[PDB]
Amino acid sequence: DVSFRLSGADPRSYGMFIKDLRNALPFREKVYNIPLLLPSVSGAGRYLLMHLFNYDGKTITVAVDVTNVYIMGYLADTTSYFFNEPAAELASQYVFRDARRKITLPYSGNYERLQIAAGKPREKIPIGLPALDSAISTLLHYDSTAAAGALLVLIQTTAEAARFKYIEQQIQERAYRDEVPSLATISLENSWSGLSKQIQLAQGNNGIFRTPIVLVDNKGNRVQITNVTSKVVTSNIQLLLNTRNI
């Protein structure tokens, strides 16, 4: 289980929470020195539980699928809430079985459906650690419109920060002030499967990508990633989505 408490949270303890989250995800192989996540894990062993405590010390417990870092649902007080999709429903068989009631959220867990329900695209939703604090507080008292925007903050400050060191950095910069994500953060979020597939395919091709991935960089310009020598590969991506699961 990993745990983060926002009271006392500073860029450094956050950096540490994100290092422990990565560290808690099982892998048997490293492809180009990046952890390759497992193709499947069975049952209960498929879910990591994160305890998040907001500044006032209230907690929600989020269940994450360890094969692809997907947030499946969460428990607030005595109620579990799960995304409306098959994988979240399978997850309910193993986690939060102690909750007095189980509520299925009107939407599934991907960004398209969540932005529709929340009302804004995520490039207009400020993220940071004050926004994570706010998100926890929202999720404690059900409201499904408000839960959609809070869950967009929650995904980006935990699962997306574990996947890319750049997003973790970005959230460390927003430790005392929220700010909308750069377009580089949106691009990276959207490319994880692609990037993961081509680094794994690069293995039998001299570290060269069979199809290059285009990203927006820091300075907002289009940039083609073509082999594993790239800074995106050497420094930025931290966990690889197994090809079996793409």
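Rigid core: the largest C-alpha set superposing within 1.5 Å between the two forms. All residue numbers refer to positions in the sequence shown, first residue = 1.
RMS Cα deviation from the shown model in 4 other deposited structures of this protein, rigid core fit, is larger for 215-223 than for the other stretch of the pair 215-223 / 43-51.
Between 182-190 and 26-34, the higher mean Cα B-factor belongs to 26-34. Higher mean CA B-factor, judged across 145-153 and 70-78 from the recorded values: 70-78. For the set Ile103, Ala118, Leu129, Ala88, the PDB entry assigns the largest Cα B-factor to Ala118. Placement of the Cα temperature factor of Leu241 within the chain: middle third of the modelled residues, per the deposited record.
When the modelled residues of the chain are ordered by C-alpha B-factor, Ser134 sits in the lowest third. In the PDB entry, a CA B factor belonging to the highest third of its chain's modelled residues is recorded for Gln93. In the deposited entry, the Cα temperature factor of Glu173 sits in the middle third of values across the chain's modelled residues. The PDB entry assigns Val64 a C-alpha temperature factor belonging to the lowest third of its chain's modelled residues.
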